[PDB]
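Bear in mind that the values in this text are calculations on the coordinates, not laboratory data. Heads up, the Cβs are rebuilt from the backbone with ideal geometry, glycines too, and the neighbour counts pull from every protein chain shown.
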Amino acid sequence: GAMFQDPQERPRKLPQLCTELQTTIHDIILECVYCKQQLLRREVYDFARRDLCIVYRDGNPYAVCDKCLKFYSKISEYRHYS
Ligand SMILES: [Zn+2]
């Protein structure tokens, strides 16, 4: 449910991404990069309520779901590009 293409270069931060989508966290479709399940809006809040970074699976914006959040909370904005 999340396939983001140019010129939507995509950020790494959730509130910023919401800007790209011209919307807010309260609306944004962000899924698990890993589980492909759309995050519960509460979990989507977790992301910006803390200091996590968005993870693009291949090149689409996904958040890190409930399960993955505890796993990948270590990653707080990484420069893994290309
Ligand atoms: Zn997940």
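Structure notes:
- Against the test of being in contact (Cβ under 8 Å) with a residue 24 or more places away in the chain and surrounded by 16 or more Cβ atoms within 10 Å (Cβ to Cβ), the options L14, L40 yield a single qualifying residue, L14.
- Number of positions in region 32-73 that are closer than 27 Å to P7 by Cβ, of a type in the set (K, R) and either within 9 Å of the ligand (Cβ to nearest atom) or assigned to a loop (DSSP other than H, G, I, E, B) (or both): 1
- If you go through region 2-22 and keep only what is aliphatic (A, V, I, L, M), within 11 Å of the chain's Cα centre (by Cα) and in a loop (DSSP other than H, G, I, E, B), you end up with just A2.
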